[PDB]
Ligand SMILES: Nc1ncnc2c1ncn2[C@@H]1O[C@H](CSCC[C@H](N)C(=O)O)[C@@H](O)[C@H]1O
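Below you'll find only one chain, the form deposited without S-adenosyl-L-homocysteine, shown as structure tokens.
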């Protein structure tokens, strides 16, 4: 559903778009039937993309931003048609009138869209996700037979995205062909895809771009796997709290597949 102001057979002025479940997914304005000015695109997971659109109404420019679900942490910079070419870490300081004002964080790390393949998990296996690194850490699990576990660095309420589950993308068939010892870290993304963190990447000294594969299974979990559109990893899953969680609590999830 689209709701917009129309002047002379054409959309002109404020407009909002909802998806089937009724979630607001876009807020902006149109000019001559084309999106115009500063527009906001919201993803079901709470993340968003904001910036002045180009003349074809596309999220293309040098001052576009992807904003994480805390509505504060952002990756600011060059995007073409919504795909991040080069984003730098920043903080959304305020939104006077329609527009966001960003403050860059110190540092030289730049981020870009880097969806994985069957073989390659990442062009920067050791560049941590900035939003996740402030929320969780890996340490020895309190489940005895488990080994390492994922813990919260801070206290947060229900429905909070804490970690991302990225990995190589392979087929359900390949996973169901050879077996068990190699399937420790597989998660079904969709009917056609399975995400896996194999080989040497299962260890944080070798891969720490995302840490979701570290959460252990539990039958009374405090988190859940959820779909997530990430500006660097693409369509993946994230780990979201099911209830309030205190600082240093182990995060556990129900079986995915």
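What we label the rigid core is the largest C-alpha set whose atoms superpose within 1.5 Å from one form to the other. Numbering follows the first chain given and starts at 1.
One more form of this protein, deposited with S-adenosyl-L-homocysteine bound, exists but is not displayed; see below.
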query	finding
Segment assignment from 151-159, 102-110, 178-186, 86-94: heavy atom within 4.5 Å of S-adenosyl-L-homocysteine in the entry with it bound	178-186
Of 127, 120, 80, 146, the one that lies within 4.5 Å of S-adenosyl-L-homocysteine in the entry with it bound (heavy atoms)	146
Non-hydrogen atom contact residue 31 with S-adenosyl-L-homocysteine in the entry with it bound at 4.5 angstroms	no
Proximity of residue 36 to S-adenosyl-L-homocysteine in the entry with it bound, heavy atoms at 4.5 Å	no
4.5 angstroms heavy atom contact with S-adenosyl-L-homocysteine in the entry with it bound for residue 216	yes
Stretch 229-257: residues contacting S-adenosyl-L-homocysteine in the entry with it bound, 4.5 Å heavy atom cut-off	255
Core-aligned C-alpha movement of residue 249 between this form and the one not shown, 2 Å or more	no
